[PDB]
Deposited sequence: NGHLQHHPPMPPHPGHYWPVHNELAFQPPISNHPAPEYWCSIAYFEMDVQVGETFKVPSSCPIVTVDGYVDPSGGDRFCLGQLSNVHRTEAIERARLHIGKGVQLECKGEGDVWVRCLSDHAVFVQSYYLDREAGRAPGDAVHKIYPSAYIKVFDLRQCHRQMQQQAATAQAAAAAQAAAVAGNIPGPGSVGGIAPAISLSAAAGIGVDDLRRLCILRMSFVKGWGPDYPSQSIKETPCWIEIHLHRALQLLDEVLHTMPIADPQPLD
């Protein structure tokens, strides 16, 4: 069974916005890692730069292109050096619609994405799969609507398991309250993308997690995070329960 989903290149107004909330100043923020160490600062991408490029070149300017070639890292090994060599033209993260995200592998080597969307699209379990994107391939890795639906659902699901454990253990004088933020470290996960350049991880590979690959990045989508937060704030408040 393919834990590794392959993604080869495939050459070619009626519905309101998801939220009235105004767009963010940045549509996403990107943190680059070498193994379990973050190299360089977090790169923010203005919502006015619908396409950001992350290659292995050296221009520091910022804005819509985030270079990794010039970054230093005192702990860097000879392996990370080998890998960093092949990043090259890297990838393009394109933001369409309110907050949909696409990836364009411009590198000569395949990139390995970690996306909850792609997981669902492959009939796989959440987080159980590595999506390999072949050089030149151009595929959608995140759908705002799909994510939003999932959030409200998961959020509800949790809120219930809240009153569940609540009525569970629940004599003297004692009060109960839902953990101010149940299932949050999980809903946020739905708003974060990740991708490893050159090297892939998982069963078929020596790297077991992405934290074990020479050079990857973690993409935080803000418009998704805006929604989610807005969702968390539409839940019954933790009112002490005798």
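According to the record, the deposited residues with no C-alpha atom in the structure span 13-24, 183-194, 267-268.
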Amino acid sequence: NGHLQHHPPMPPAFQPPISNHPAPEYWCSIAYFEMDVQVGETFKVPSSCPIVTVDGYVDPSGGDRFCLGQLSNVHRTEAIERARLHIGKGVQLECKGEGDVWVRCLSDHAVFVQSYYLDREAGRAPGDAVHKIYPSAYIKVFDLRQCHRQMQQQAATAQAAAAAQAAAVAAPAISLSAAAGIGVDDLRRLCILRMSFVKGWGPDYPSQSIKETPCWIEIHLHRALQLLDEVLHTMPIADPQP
From here on, numbers count along this sequence of modelled residues.
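Here the stretch with the larger average CA B-factor, out of 195-203 and 25-33, is 195-203.
The stretch 155-163 shows the higher mean C-alpha B-factor when 108-116 is compared against 155-163 in the entry.
Residue-level temperature factors show residue 175 in the highest third of its chain, judged at the C-alpha atom. Residue 181: CA B factor in the highest third of modelled residues in this chain (values from the PDB entry). Split the chain's modelled residues into thirds by C-alpha temperature factor. Residue 13 is in the highest one. Sort the chain's modelled residues by C-alpha temperature factor and residue 79 lands in the middle third, per the entry. Placement of the Cα temperature factor of residue 42 within the chain: lowest third of the modelled residues, per the deposited record.
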